[PDB]
Amino acid sequence: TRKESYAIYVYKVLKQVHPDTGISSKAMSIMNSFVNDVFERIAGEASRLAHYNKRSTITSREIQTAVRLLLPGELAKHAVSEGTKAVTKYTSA
Amino acid sequence: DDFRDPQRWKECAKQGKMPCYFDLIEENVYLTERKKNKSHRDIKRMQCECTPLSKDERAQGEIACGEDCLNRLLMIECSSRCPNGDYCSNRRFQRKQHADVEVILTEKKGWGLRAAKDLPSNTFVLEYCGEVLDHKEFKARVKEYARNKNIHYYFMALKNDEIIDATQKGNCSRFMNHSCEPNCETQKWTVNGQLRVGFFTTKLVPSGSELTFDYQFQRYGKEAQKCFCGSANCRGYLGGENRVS
Amino acid sequence: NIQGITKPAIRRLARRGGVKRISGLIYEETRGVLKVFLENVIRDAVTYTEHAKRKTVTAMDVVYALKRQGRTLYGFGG
Amino acid sequence: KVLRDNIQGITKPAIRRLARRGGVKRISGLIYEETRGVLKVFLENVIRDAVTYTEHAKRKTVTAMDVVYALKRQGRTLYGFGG
Amino acid sequence: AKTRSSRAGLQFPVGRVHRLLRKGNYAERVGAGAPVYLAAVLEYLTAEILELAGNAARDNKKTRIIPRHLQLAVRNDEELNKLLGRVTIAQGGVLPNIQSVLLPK
Amino acid sequence: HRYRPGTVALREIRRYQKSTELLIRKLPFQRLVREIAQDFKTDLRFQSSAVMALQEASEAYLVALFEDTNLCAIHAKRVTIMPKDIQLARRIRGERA
Amino acid sequence: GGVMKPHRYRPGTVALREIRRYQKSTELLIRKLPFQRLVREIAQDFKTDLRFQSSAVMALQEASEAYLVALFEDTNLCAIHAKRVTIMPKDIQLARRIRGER
Ligand SMILES: [Zn+2]
Ligand SMILES: [Zn+2]
Ligand SMILES: [Zn+2]
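One line per chain: the protein sequences are H, L, Y, D, P, C and U, in this order.
At position 21 of the first sequence (counting the first as 1) the number is 53 in the UniProt record's numbering, and the numbers step up by one without a gap.
At position 226 of the second sequence (counting the first as 1) the number is 1677 in the UniProt record's numbering, and the numbers step up by one without a gap.
At position 65 of the third sequence (counting the first as 1) the number is 90 in the UniProt record's numbering, and the numbers step up by one without a gap.
At position 71 of the fourth sequence (counting the first as 1) the number is 91 in the UniProt record's numbering, and the numbers step up by one without a gap.
At position 74 of the fifth sequence (counting the first as 1) the number is 88 in the UniProt record's numbering, and the numbers step up by one without a gap.
At position 26 of the sixth sequence (counting the first as 1) the number is 65 in the UniProt record's numbering, and the numbers step up by one without a gap.
At position 60 of the seventh sequence (counting the first as 1) the number is 93 in the UniProt record's numbering, and the numbers step up by one without a gap.
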């Protein structure tokens, strides 16, 4: 049956960054686990923020502040820049 | 004195001024070798964590992979993939960085080597190389040769079931005597996976001093022997009636 | 400012912690650890405040900040 | 078939090897039994949680996902087996 | 372009992210910018980690990134290590480290 | 007369361990908090309750840290906590690198 | 005439060699089948008649080995702080106390 994964997108990114480098099945699974873990943490933090502010929706602001609470300094900064850039590009297009 | 030439001169067996009766050996050759060793399966490369420069020699420079190198502290020499490359000071068995030696008569007991010049402590002198024997072959060759009425038995057990023979072919490190005051010692080094033995010093041997290490007492037959050094506690005879090996 | 955490106060804290003999360099090391701890907690609390669009840091924000850090606090409307 | 004294299956050489991967050089004799106890405690906790999840699931077989959930519960998240 | 990821110029599936957010009971409603933002964050983290993982695999003369590489990468980078400070990587191993007092003199 | 060194400390341990009142005077602590907070954002206000919560958490954390430090120093056959003890404690905790 | 052996290593050297050896690889150190038997016993006492996916056992073993390696690291740290070089049980207890384990 269908067992969804981030395998393909991880491959795309990898080749974007290391075109000439493979990934093992075990490594691929680990990467998938990392992706899911970060997703869950950010989503939970955002939901918590939504609840704390008596708000019934999650917007990119909640995600952004969640990242700011979760990731470290430089990592958080670059992640925030990327997220805002992607949001702006999506809005424009 | 040594005068190693390929033409065999007039010399019966004394190995003095004409050591050209036997054939020399450069590396210990194996007989029953097989791909059942930890050579390239697990120990592929024990690279050292050095960060040399190599851009400063003869001025404020240091010898790479010194006593602070891990490999040297481990009784292991760096491989060809050392970060210095050819400036590594560990590959001494490959480059054959021996020391000055000479074989002459020094006592009626037998031929011996005396230091020619200064030789600081912890310095490679020579290497032990010879024919490595098998299990069933050792017990047969010893008994066949024991009846050959000979005094020198160049037998050295590298491991529990590997004895090296330097009788038929022996390098310069075969004339060394024994005494109760060892100024040298042997060390079991691992180069390229294979185990190798060497000969290092322990003190500031002056110029013109003997170079012998402490043998390990052991007997095989009923007969016994004794030494002739007489340093301070020259036991000579074996340590009791021993039979182990 | 930071030094306002007086050495004897650090001694009192340690005593409540069960310490009997205290070293000189302790005091400053404790000051540093306290500064770091406060930095993290207040950082998170501000972040919470900012997302709330408030110029006044609330207790609740402190509470969520501590809870994030796995240092849950009781007695301020948990 | 009954299972008994399987804790001693964790032989001394194995514990020594682990301690090597931990950066330990010289191992006191009593360390082995204490390590056995610690491992037994940790395994008991993790297996309690995993079995609990399996029970709720109404399954007679423990699945890797159960183990991963249990570990994440213990603040010891593991990558490499899903989730 | 049709794909929302193409609209945002992203490699990850924005649609899948949106579904996930909605099928996770994180809030009553989900905004349209959050899936994009979160997908961008996930992409950025994956790229950052993969860079070091590939570099490590290179250092070990290997064409494929294996778990050892992922470990090495994460544990050597201070920030990544902090993000995954309470995480275990199957087959990860550890960074080679020996305490000073254990070295011979 | 004179109390022998090391006795009044025990009395104080008994004394402080039986009470719960905060041990850092409020105003310097509050000024420290405001100074620290300022570096993240300007013109910020604090509910006194928030400051009290901050102080509660900080003092409780410090007491726990010192408990661990005393444990370490005892293990090191010592009776005087020393910086290295706190460093070891925090390291094992996972707080410091 | 006898056969003599070269020399003997000083203590602790092979300890270091092993340390680097196992710090270079990643393969699991505890043997598999005893571990499986121990796990089966422990589960049995929590509930009878349970079966296991092999992958579940493997994940359990990975987490166990990781936990133990970290524990030994902290133990070694404690041993060093106690001006010693041999880790001793009390070191483990101190590590587990400070960790907040019981
Ligand atoms: Zn080196
Ligand atoms: Zn070298
Ligand atoms: Zn003698």
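Note that CB positions come from ideal geometry on N, CA and C, so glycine has one too.
Inset, instruction - Indicate whether residue 1609 of chain L and residue 1646 of chain L have their beta-carbon atoms separated by less than 9 Å. - result: The answer is yes: Cβ separation under 9 Å.
Legend entry - Assigned exposure category for residue 107 of chain C - 16 Cβ within 10 Å defines buried: buried
Inset, instruction - Pick helix, strand or coil for residue 115 of chain H, following the three-state DSSP scheme. - result: helix
Inset, instruction - Would you check if there are 3 or more beta carbon pairs closer than 8 Å linking the segment 1616-1629 of chain L to the segment 1554-1571 of chain L? - result: yes
Legend entry - Minimum Cβ-Cβ distance from residue 72 of chain H to chain Y less than 9 Å: Not an interface residue.
Legend entry - Per-residue burial, residue 19 of chain P [other beta carbons within 10 Å of its own, 16 or more giving buried]: buried
Inset, instruction - Can you give me, in chain order, the residues of the UniProt domain "Core Histone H2A/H2B/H3" (44-131) of chain C that have a beta carbon less than 8 Å from any beta carbon in chain U? - result: Hits within the stretch, in order: 107, 110, 111, 114, 115, 116, 123, 124, 127, 128, 130 and 131.
Legend entry - Straight-line gap, residue 49 of chain U to residue 1522 of chain L (C-alpha atoms, nearest Å): Cα to Cα, the separation comes out at about 11 Å.
Inset, instruction - Confirm the yes/no value for this check: CB of residue 1685 of chain L, any heavy atom of ligand 2, distance under 8 Å. - result: no
Inset, instruction - Quick one: grab the DSSP three-state call for residue 1645 of chain L. - result: strand
Inset, instruction - Say whether chain H places a C-beta atom closer than 9 Å to the C-beta of residue 75 of chain Y. - result: yes
Legend entry - Contact set, ligand 1 heavy atom to C-beta under 5 Å: L:1499, L:1501, L:1516 and L:1520
Legend entry - Closer than 8 Å: residue 1535 of chain L CB and nearest ligand 2 heavy atom: Yes, Cβ of residue 1535 of chain L sits closer than 8 Å to a heavy atom of ligand 2.
Inset, instruction - Please classify residue 1483 of chain L: does DSSP put it in a helix, a strand, or coil? - result: coil
Legend entry - Residues near residue 125 of chain U by beta carbon distance below 6 Å, same chain, minus five either side: 108
Inset, instruction - Would you tell me roughly how many angstroms separate the C-alpha atoms of residue 96 of chain H and residue 87 of chain P, rounded to the nearest one? - result: 26 Å
Inset, instruction - Just the chain H side, please: which residues come within less than 8 Å of residue 18 of chain P by C-beta, in chain order? - result: Here the neighbours are 122.
Inset, instruction - Measuring only between beta-carbons, confirm whether residue 62 of chain H sits less than 9 Å from chain D. - result: yes
Legend entry - residue 62 of chain D, DSSP secondary structure in three states: helix
Inset, instruction - Determine the direct distance from the alpha carbon of residue 1568 of chain L to that of residue 1684 of chain L, and round the result to whole angstroms. - result: 28 Å
Inset, instruction - Using a Cβ-Cβ cut-off of less than 7 Å, give me the residues of the segment 30-45 of chain D that come near chain U, in sequence order. - result: 30, 34, 37, 38, 39, 40, 41, 42, 43, 44 and 45
Inset, instruction - Identify the contact partners of residue 69 of chain D in chain U, using a Cβ-Cβ distance below 7 Å as the criterion. - result: Correct list: empty, because the minimum Cβ distance to chain U is about 10 Å.
Inset, instruction - Identify every residue that forms a DSSP beta bridge with residue 1474 of chain L. - result: Under DSSP, residue 1474 of chain L forms a beta bridge with L:1620.
Inset, instruction - Compute the beta-carbon to beta-carbon distance between residue 1671 of chain L and residue 1615 of chain L, rounded to the nearest angstrom, for a pair I have assumed lies under 8 Å. - result: Not really, about 16 Å apart at Cβ, beyond 8 Å.
Legend entry - Rounded straight-line distance, which links the Cα of residue 1662 of chain L to that of residue 1424 of chain L: Summary: the structure shown does not reach residue 1424 of chain L, with chain L confined to residues 1452 through 1696, and so no result is reported for it.
Legend entry - ligand 3 heavy atom lying under 8 Å from the CB of residue 1629 of chain L: yes
Inset, instruction - Pull out every residue of the segment 81-97 of chain P whose Cβ sits closer than 9 Å to any Cβ of chain E, in chain order. - result: This model lacks chain E altogether; the protein chains it does include are H, L, Y, D, P, C and U.
Inset, instruction - Enumerate in chain order the residues of its own chain whose CB-to-CB distance from residue 55 of chain U is below 8 Å, with the five nearest sequence positions on each side excluded. - result: 62
Inset, instruction - Name, going along the chain, the residues of the segment 36-58 of chain H whose beta-carbon falls closer than 8 Å to a beta-carbon of chain P. - result: 36, 38, 41, 42, 44, 45, 46, 48, 49, 50, 52, 53, 54, 55, 56 and 58
Legend entry - Within chain P, partners of residue 107 of chain H - CB distance below 8 Å: The contacting residues are 59, 62, 93, 94 and 97.
Legend entry - Min CB distance residue 96 of chain D to chain U below 9 Å: yes
Legend entry - Inter-residue Cα distance where the pair is residue 25 of chain P and residue 67 of chain D: Residue 25 of chain P and residue 67 of chain D: Cα-Cα distance of roughly 39 Å.
Inset, instruction - Answer yes or no: the CB of residue 1540 of chain L versus the heavy atoms of ligand 2, is any distance below 8 Å? - result: yes
Inset, instruction - Indicate whether at least one CB of chain Y lies closer than 9 Å to the CB of residue 103 of chain H. - result: Cβ-Cβ to chain Y under 9 Å: no for residue 103 of chain H.
Inset, instruction - Could you confirm whether any beta carbon from chain P is found closer than 9 Å to the beta carbon of residue 34 of chain H? - result: no
Inset, instruction - Name the two residues that bound the continuous beta strand (DSSP E) containing residue 36 of chain U. - result: Careful: residue 36 of chain U lies outside any beta strand (DSSP E) and carries neither H nor E.
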